[PDB]
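Scroll down for the structure; my scribbles are underneath it.
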Amino acid sequence: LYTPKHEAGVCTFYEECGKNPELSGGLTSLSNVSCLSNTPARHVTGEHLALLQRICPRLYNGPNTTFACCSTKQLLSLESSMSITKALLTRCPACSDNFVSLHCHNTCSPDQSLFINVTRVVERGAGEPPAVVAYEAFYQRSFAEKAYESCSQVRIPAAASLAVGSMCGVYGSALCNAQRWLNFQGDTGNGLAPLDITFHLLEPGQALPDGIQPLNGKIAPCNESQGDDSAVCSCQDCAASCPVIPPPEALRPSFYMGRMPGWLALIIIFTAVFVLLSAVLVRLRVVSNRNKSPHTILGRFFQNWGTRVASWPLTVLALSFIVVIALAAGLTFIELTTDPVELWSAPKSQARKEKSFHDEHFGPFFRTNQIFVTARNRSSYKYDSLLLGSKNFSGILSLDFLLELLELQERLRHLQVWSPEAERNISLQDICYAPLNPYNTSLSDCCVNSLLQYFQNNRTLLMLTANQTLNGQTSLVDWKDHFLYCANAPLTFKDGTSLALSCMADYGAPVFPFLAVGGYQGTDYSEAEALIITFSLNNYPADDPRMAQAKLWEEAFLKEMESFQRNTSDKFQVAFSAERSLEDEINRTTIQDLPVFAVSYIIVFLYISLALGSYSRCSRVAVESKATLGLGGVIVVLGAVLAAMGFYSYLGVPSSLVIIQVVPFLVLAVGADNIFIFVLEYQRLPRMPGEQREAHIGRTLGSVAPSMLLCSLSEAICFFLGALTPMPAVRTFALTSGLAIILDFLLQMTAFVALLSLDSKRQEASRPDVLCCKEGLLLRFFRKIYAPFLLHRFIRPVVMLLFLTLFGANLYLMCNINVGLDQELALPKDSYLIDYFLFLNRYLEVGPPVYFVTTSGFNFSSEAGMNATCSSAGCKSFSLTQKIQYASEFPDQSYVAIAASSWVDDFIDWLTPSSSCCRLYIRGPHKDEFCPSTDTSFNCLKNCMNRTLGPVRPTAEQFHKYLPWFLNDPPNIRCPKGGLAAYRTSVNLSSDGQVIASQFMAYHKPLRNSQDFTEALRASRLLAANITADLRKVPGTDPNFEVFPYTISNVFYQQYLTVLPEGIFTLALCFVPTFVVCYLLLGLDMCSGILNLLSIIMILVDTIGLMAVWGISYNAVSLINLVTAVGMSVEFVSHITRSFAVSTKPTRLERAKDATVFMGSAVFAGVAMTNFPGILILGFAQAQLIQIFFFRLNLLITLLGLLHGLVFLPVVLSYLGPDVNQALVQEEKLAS
Ligand SMILES: CS(=O)(=O)NCC#Cc1ccc(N2C(=O)[C@H](CC[C@H](O)c3ccc(F)cc3)[C@H]2c2ccc(O[C@@H]3O[C@H](C(=O)O)[C@@H](O)[C@H](O)[C@H]3O)cc2)cc1
Ligand SMILES: CC(C)CCC[C@@H](C)[C@H]1CC[C@H]2[C@@H]3CC=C4C[C@@H](OC(=O)CCC(=O)O)CC[C@]4(C)[C@H]3CC[C@]12C
Ligand SMILES: CC(C)CCC[C@@H](C)[C@H]1CC[C@H]2[C@@H]3CC=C4C[C@@H](OC(=O)CCC(=O)O)CC[C@]4(C)[C@H]3CC[C@]12C
Ligand SMILES: *[C@@H]1O[C@H](CO)[C@@H](O[C@@H]2O[C@H](CO)[C@@H](O)[C@H](O)[C@H]2NC(C)=O)[C@H](O)[C@H]1NC(C)=O
Ligand SMILES: *[C@@H]1O[C@H](CO)[C@@H](O[C@@H]2O[C@H](CO)[C@@H](O)[C@H](O)[C@H]2NC(C)=O)[C@H](O)[C@H]1NC(C)=O
Ligand SMILES: *[C@@H]1O[C@H](CO)[C@@H](O[C@@H]2O[C@H](CO)[C@@H](O)[C@H](O)[C@H]2NC(C)=O)[C@H](O)[C@H]1NC(C)=O
Ligand SMILES: *[C@@H]1O[C@H](CO)[C@@H](O[C@@H]2O[C@H](CO)[C@@H](O)[C@H](O)[C@H]2NC(C)=O)[C@H](O)[C@H]1NC(C)=O
Ligand SMILES: *[C@@H]1O[C@H](CO)[C@@H](O[C@@H]2O[C@H](CO)[C@@H](O)[C@H](O)[C@H]2NC(C)=O)[C@H](O)[C@H]1NC(C)=O
Ligand SMILES: *[C@@H]1O[C@H](CO)[C@@H](O[C@@H]2O[C@H](CO)[C@@H](O)[C@H](O)[C@H]2NC(C)=O)[C@H](O)[C@H]1NC(C)=O
Ligand SMILES: *[C@@H]1O[C@H](CO)[C@@H](O)[C@H](O)[C@H]1NC(C)=O
Ligand SMILES: *[C@@H]1O[C@H](CO)[C@@H](O)[C@H](O)[C@H]1NC(C)=O
Ligand SMILES: *[C@@H]1O[C@H](CO)[C@@H](O)[C@H](O)[C@H]1NC(C)=O
Ligand SMILES: *[C@@H]1O[C@H](CO)[C@@H](O)[C@H](O)[C@H]1NC(C)=O
Ligand SMILES: *[C@@H]1O[C@H](CO)[C@@H](O)[C@H](O)[C@H]1NC(C)=O
Ligand SMILES: *[C@@H]1O[C@H](CO)[C@@H](O)[C@H](O)[C@H]1NC(C)=O
């Protein structure tokens, strides 16, 4: 049972006996145990020498000597046994050779007795040698550590982990040293080691037992080539052969313009424009001090128009109603598009072109339905685990919680629905994603990720306990030791803690700890706060019928999860989501709060009716109010709204939630201003003796029509210019609003003028109006209280200083601008998805995957093509997957956390003849056809390719012939690599076997804010451009070959890379024709134009500043609201400014006083008080996009408009206003 003598030249065993009686089980075919024989080494010649030279190249010692101690049977058994490990480690030949060197030194070395002590045997009967079942081996520490370190970084791209992580048992790749690695190699409990070998890594200073000396042989270093191999390992594979480059500085972040922040550019632009305009305006004032009729043209035209309209009022009302009904009739063809991708992004953007390419070539990205579960009040605890130290465990990991979650998951898997179209029950196995067995799938094949997958969703295995004696002490093993083992080493076929439990999921895939649990730091997997249950379903195109079935199943999923959410509030806090939830939640409340909004029309009707009358009695106001004109106003507004929506429905343009819930109420806030001002001016001007009411209304319309035309044109032009946004919802909003404003103006100049004529006709008869069968408080208040106060000599410099202070303060506050909109922001206030997004932001440890997709034009069959893509030994440095690996080493500068997988490296590795993966039938019915790795017959002794002196590279014919076999070969214990699961959907093959498109999957780091999605997009695009530029240098590459980074979030966040240049350019385009129309229409006074433009700039800057303070981010929706501000503020500025300009008072102060009282009262009572019921009613929206971006911004715009129009502007007109237009002075004097 031992080796009595071990001087030199002798070995401890030679012939291979039968099977090992002790283990009895295994994963694969094992290796028979050698029989003990202490005997001098054998003289190895002939074919035995050829076998030795091939199997163990570091034992051949000359042509004619080569003493060794193993038979041909042991050499063949060793060659069979190491095929799996060689299949994993062949990427770095130095590592493969070192591992094989260790095994063939143990098995066949002629100096076997110098380091091996046999300790335990089993007798095989009298006259027979006993078989060896346990022994120990002695090595130097430096030898084993160099051998380990040469293999320490070899990677498994398909699993995105280290190969050493599958070879160190309970210790993962993070905690594995040479001792643990060698202990795993000798541990028979894993189902792989044929016999028990104890490894002593005896140190050199240490004194050793009698004749034993530690082994110290040759170890191939990482970076050193051996002979003429030229197969030096790349540093992705061993981390010792690439030059050191200091970590790259991060790139200039998006939301920065040029070399400076975007807000700094905003301050520079607004300040420069303001100071230039102010300097020019004051220059004109001092020039006027040194110096000590288009209005009539439009007046005459509008008087003729008004008189014709007043002449025939019933006919024009008839045509107005006919046109309004004819346009509104288009609502029968209305179509609503509810998908987020369609509204959020343009159909011909860059991200959508990439999305279309990916979806066409590889299929759409699968639908992910997730559940996050945490523990409400359970405390943590300790567990004295086996093979590890004491481990803290979280409260959520309590066994009863896992049992009820197992009941939940199993209940969800067996959920079935009725399909009205298919006329059958749809179960999970009909629509689920399945990486293994895609066709003829079952429930056991569906992709479902959870912690419970470590126990293959089997209740009996979860509750199992076992007795294990380690270090001489018997203890108890339960599910927690399997959990810790799998969390550290997820690539385990068999656990060693007395339980033969696979660590793989039931559908055949490893479950990585970041996919099962979350809420941890470092490698403290047992402390995880939240558990994650993920269902992945196949996606399809929207038109395809299968999508409806998937949506029905997800609906049942949502109802079941709401049931389990309500049922157990005493144990868990649960967040959950479904793929269709985002589409359902955003569009849920379009209709629900619309009758709540409808009260604004009633409030506007009542305000217009009461404000224009209801006086002198306060008890007969029911008949003295102007009910007819209120009804007219509200009908004109509704007419414009319905006509605009109808016309766009007639052109096939769809509508959305930004149309239904916003457009009638913003148009309500705008449209009634012009008629309120017109009616007030009608009441104020007295009639001349002998004049008819038609001429009076004509003269009134001639008086006020240029300003109403100015406001309508300015707002309509601003909305149409605001339609340049790439976002379709905002584009549709802008076009609908523009058309509604134009049609509103056209109805105001025809139907309302006619209605005022008919109401005046009724008024002259001193009769009650249709429905209800020379002073005023506004003018007295403004004349006696407001105007003596605002224009007082001790007020005007204070108002000037206060408003310039406010402007400067808002320019400062403009620095705090957020760019981008969070997903939560879109949701309704009470949606369950808000909890889901909070749980994702706190508990996931990885982000979404990113696929670097290569288009057609790249020859993957050429050796130059393979070398510019692979990352194994002999591949070119700075290759595609090595660039991705390098980007993955610095996750904060480039938002990639997990290195890419690659079909090329696994294909080349699979083709390797030494890996026993690609075999051909040598004889029989299927001669020269593919022999699967699971065929255990003797018909498959011919490898796919021949042996080589370097890396394995096929020719073009071999590449095209063998690639469809690789892409359909399922992985198993015999061959780990294969493309059925990981790569079948990642390569597109045309019928001549050509590669049309290909993708390389990698994972982002967790992304939480809009800034993280935007920066991840920028860094990922920069990496893909860097890959594309170097791939284009390979000869034969098409000039239109590119690599692009598809991920599902790109179509939502692409727009935030350009939103600032587009927003600034759009605002400047809004400012230019506004100035042009107010300059040209009001009589070509440069002073008045500059005054209006400066006021609009101040209102806009104040709006942006206070927006930044409040916490409203900048995006396309805020942009269209600021465009609305630029348009709308003309209604607060232009009327007062024109009233000042058209005035005959000799001094600036008197003109400021009279313009302030008359038009200030009209502007206040009309514009402000009409704006409030519309805008304020959106504060009950319950959809956060409207509550935040439409209510708050339009409210701020209205208040700043009122503040600037009524307080600032009269004072500025008093100081810096235009001089007197002498043509009206002469007109007043001559006609006097
Ligand atoms: C020998 S050692 O010394 O080195 N140390 C011990 C070791 C090891 C080791 C080596 C390689 C790996 N993998 C890669 O590489 C593989 C990485 C991922 C792989 O692409 C994959 C497979 C399926 C899938 F959906 C998604 C991805 C992994 C592997 C997994 C499963 C597998 O086969 C399945 O197994 C299931 C089961 O057993 O339950 C059966 O149900 C299925 O039918 C059968 O297809 C073979 C290899 C993992 C562990
Ligand atoms: C006077 C103010 C307060 C409201 C006038 C505005 C109208 C222009 C709105 C109010 C009611 C809306 C309609 C009410 C509900 C629907 C049904 C809707 O169809 C669905 O609900 C299907 C939704 C789905 O399939 O998810 C299509 C839009 C439509 C016609 C809306 C079109 C726009 C309308 C007529
Ligand atoms: C008269 C015109 C010029 C403006 C009138 C509009 C006000 C009604 C707005 C303008 C600024 C707003 C404030 C800006 C800042 C905030 C912080 C905001 O919440 C935060 O971002 C801080 C909360 C936290 O995270 O601690 C709560 C609303 C509030 C008080 C806003 C309350 C409403 C205010 C006073
Ligand atoms: C080789 O292994 C044998 C088997 O254990 C060792 O023999 C035992 O050594 C211990 C050490 O004190 C003694 O107490 C036992 O009496 C020995 N004999 C047995 C178990 O039969 C032997 O010492 C080892 N030799 C070397 C060089 O390490
Ligand atoms: C292979 O890598 C090693 C380590 O990066 C290189 O450098 C050796 O580094 C050790 C540690 O300081 C020194 O003791 C050796 O003298 C260094 N040189 C050699 C030749 O071992 C080594 O140069 C690299 N070899 C090649 C060919 O690149
Ligand atoms: C591989 O890519 C081709 C196109 O390069 C895909 O073929 C298209 O498939 C869509 C439907 O999926 C058809 O509408 C197109 O007409 C097809 N075009 C051509 C040129 O054939 C093919 O489907 C992709 N492979 C897979 C498996 O989806
Ligand atoms: C859940 O796990 C148990 C293991 O305890 C499985 O039960 C074994 O099934 C095999 C195959 O039929 C039998 O040979 C064993 O005798 C069973 N063991 C016991 C204790 O009954 C069980 O099949 C698993 N569940 C499923 C659905 O496969
Ligand atoms: C990719 O490159 C390989 C060679 O690098 C091309 O294979 C050649 O194909 C032509 C076509 O008959 C043969 O005449 C050559 O002899 C082949 N060369 C070799 C080395 O085998 C292959 O055609 C290229 N791919 C494409 C799509 O053109
Ligand atoms: C891809 O990125 C790498 C690293 O960022 C670039 O390599 C550097 O390029 C600059 C010039 O752009 C050189 O001055 C440096 O010497 C290069 N090396 C290093 C280590 O910084 C590479 O050029 C990029 N590819 C392209 C096509 O621009
Ligand atoms: C292994 O042992 C079994 C049983 O003794 C025997 O049938 C088989 O041929 C042996 N194989 C090798 C390669 O030694
Ligand atoms: C479909 O499932 C429901 C679930 O209760 C069941 O009642 C019904 O009979 C099933 N239909 C078929 C055809 O299996
Ligand atoms: C494990 O051993 C202990 C100690 O005798 C014993 O009490 C317990 O029942 C054993 N467990 C099983 C499952 O047999
Ligand atoms: C829900 O909770 C009740 C007790 O609150 C329990 O009896 C029941 O089994 C739970 N599950 C279902 C599906 O009702
Ligand atoms: C690709 O790498 C192999 C490595 O052996 C080399 O032989 C071959 O010449 C390389 N091809 C090119 C085009 O450099
Ligand atoms: C190389 O491979 C080819 C085809 O697989 C085969 O015909 C040939 O015999 C092999 N060996 C040599 C030395 O060419």
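Naming works like this for the structure tokens: A, B, ... for the chains as they're shown, residue 1 at the start of each chain, ligands 1 onward in shown order.
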Select the residues contacting ligand 5 at a distance of at most 8 Å, based on only C-alpha atoms and all ligand atoms, then format the selection as a PDB file with C-alpha atoms, in the first residue's frame.
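After the write, selection_13.pdb holds the following:
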ATOM      1  CA  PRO A 221       5.935  31.589 -19.608  1.00  0.00           C
ATOM      2  CA  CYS A 222       3.097  33.774 -20.926  1.00  0.00           C
ATOM      3  CA  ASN A 223       4.916  36.006 -23.371  1.00  0.00           C
ATOM      4  CA  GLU A 224       7.776  33.762 -24.508  1.00  0.00           C
ATOM      5  CA  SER A 225       7.420  31.787 -27.707  1.00  0.00           C
ATOM      6  CA  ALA A 240       1.330  39.552 -19.054  1.00  0.00           C
ATOM      7  CA  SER A 241       1.920  40.350 -22.725  1.00  0.00           C
TER       8      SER A 241
END
Using only C-alpha atoms and all ligand atoms, what does the table of chain A residues within 10 Å of ligand 11 look like, with each row giving the shortest atom pair and its distance in Å to one decimal, sorted by chain and ascending number, as CSV?
residue,atom,partner,partner_atom_place_in_ligand_line,distance
A:415,CA,ligand 11,4 (C),8.4
A:416,CA,ligand 11,2 (O),5.7
A:417,CA,ligand 11,2 (O),6.1
A:418,CA,ligand 11,1 (C),6.0
A:419,CA,ligand 11,1 (C),9.3
A:423,CA,ligand 11,13 (C),8.2
A:424,CA,ligand 11,13 (C),5.6
A:425,CA,ligand 11,1 (C),4.9
A:426,CA,ligand 11,1 (C),8.0
A:427,CA,ligand 11,1 (C),9.0
Item to check | Cut-off 7 Å, only C-alpha atoms and all ligand atoms, neighbours of ligand 1 as a PyMOL selection string | outcome: chain A and resi 84-85+88+156+158-159+166-167+192+435-436+491-493+502+504-510+970-973+975-978+981-982
Item to check | Selection as a list in words: residues within 8 Å of ligand 12 by only C-alpha atoms and all ligand atoms | outcome: residues 465, 466, 467, 474, 475 and 476 of chain A
Item to check | 12 Å shell around ligand 14 using only C-alpha atoms and all ligand atoms, listed as an MDAnalysis selection string | outcome: chainID A and resid 228:233 859:877 879 948:955 1033:1036
Contact residues around range 1038-1049 of chain A with only C-alpha atoms at 8 Å, ignoring same-chain residues under 4 positions, as a compact mmCIF listing (two decimals) with N, CA and C atoms, in the first residue's frame:
# COMPACT_ATOMS: atom_id res chain seq x y z
N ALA A 351 -30.78 55.82 -34.86
CA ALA A 351 -31.07 54.71 -33.94
C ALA A 351 -32.15 53.79 -34.48
N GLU A 354 -30.62 51.61 -37.26
CA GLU A 354 -29.88 50.52 -36.64
C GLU A 354 -30.81 49.47 -36.04
N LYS A 355 -31.89 49.92 -35.40
CA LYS A 355 -32.89 49.01 -34.84
C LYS A 355 -33.54 48.17 -35.92
N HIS A 358 -30.94 45.52 -37.14
CA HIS A 358 -30.82 44.46 -36.15
C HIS A 358 -32.04 43.56 -36.14
N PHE A 365 -35.04 42.03 -30.11
CA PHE A 365 -34.59 41.73 -28.75
C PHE A 365 -35.76 41.21 -27.94
N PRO A 848 -28.26 47.02 -19.37
CA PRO A 848 -28.76 46.30 -20.53
C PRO A 848 -27.59 45.83 -21.38
N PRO A 849 -27.77 44.77 -22.17
CA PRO A 849 -26.71 44.36 -23.08
C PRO A 849 -26.61 45.31 -24.25
N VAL A 850 -25.42 45.34 -24.84
CA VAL A 850 -25.14 46.09 -26.05
C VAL A 850 -24.58 45.13 -27.07
N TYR A 851 -25.04 45.24 -28.31
CA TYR A 851 -24.62 44.34 -29.37
C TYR A 851 -23.86 45.16 -30.39
N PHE A 852 -22.59 44.85 -30.58
CA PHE A 852 -21.80 45.52 -31.60
C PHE A 852 -22.02 44.72 -32.87
N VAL A 853 -22.82 45.27 -33.78
CA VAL A 853 -23.28 44.57 -34.96
C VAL A 853 -22.42 44.97 -36.14
N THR A 854 -21.88 43.98 -36.85
CA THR A 854 -21.12 44.19 -38.06
C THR A 854 -22.03 43.89 -39.24
N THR A 855 -22.06 44.82 -40.20
CA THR A 855 -22.83 44.72 -41.43
C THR A 855 -22.08 43.91 -42.48
N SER A 856 -22.70 43.76 -43.65
CA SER A 856 -22.08 43.04 -44.75
C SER A 856 -20.88 43.79 -45.31
N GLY A 857 -20.05 43.05 -46.05
CA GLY A 857 -18.87 43.61 -46.66
C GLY A 857 -17.57 43.17 -46.04
N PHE A 858 -17.60 42.33 -45.01
CA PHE A 858 -16.39 41.92 -44.32
C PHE A 858 -16.23 40.42 -44.52
N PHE A 1013 -27.63 56.82 -19.47
CA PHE A 1013 -27.98 56.25 -20.77
C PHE A 1013 -27.37 57.06 -21.90
N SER A 1020 -20.23 54.19 -26.16
CA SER A 1020 -20.40 52.98 -26.95
C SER A 1020 -20.30 53.28 -28.45
N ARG A 1021 -20.87 54.40 -28.90
CA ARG A 1021 -20.74 54.80 -30.30
C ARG A 1021 -19.30 55.14 -30.65
N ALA A 1024 -17.50 51.90 -31.09
CA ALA A 1024 -17.84 51.23 -32.35
C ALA A 1024 -17.26 51.94 -33.56
N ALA A 1025 -17.13 53.27 -33.51
CA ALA A 1025 -16.46 53.99 -34.59
C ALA A 1025 -14.97 53.66 -34.62
N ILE A 1027 -13.66 50.86 -33.64
CA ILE A 1027 -13.55 49.51 -34.19
C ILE A 1027 -13.74 49.53 -35.71
N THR A 1028 -14.70 50.33 -36.19
CA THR A 1028 -15.03 50.39 -37.61
C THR A 1028 -13.87 50.91 -38.44
N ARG A 1032 -11.93 48.69 -41.35
CA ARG A 1032 -11.90 49.09 -42.76
C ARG A 1032 -10.51 49.03 -43.39
N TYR A 1053 -32.99 57.78 -26.04
CA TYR A 1053 -31.98 58.69 -25.53
C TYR A 1053 -31.05 59.24 -26.59
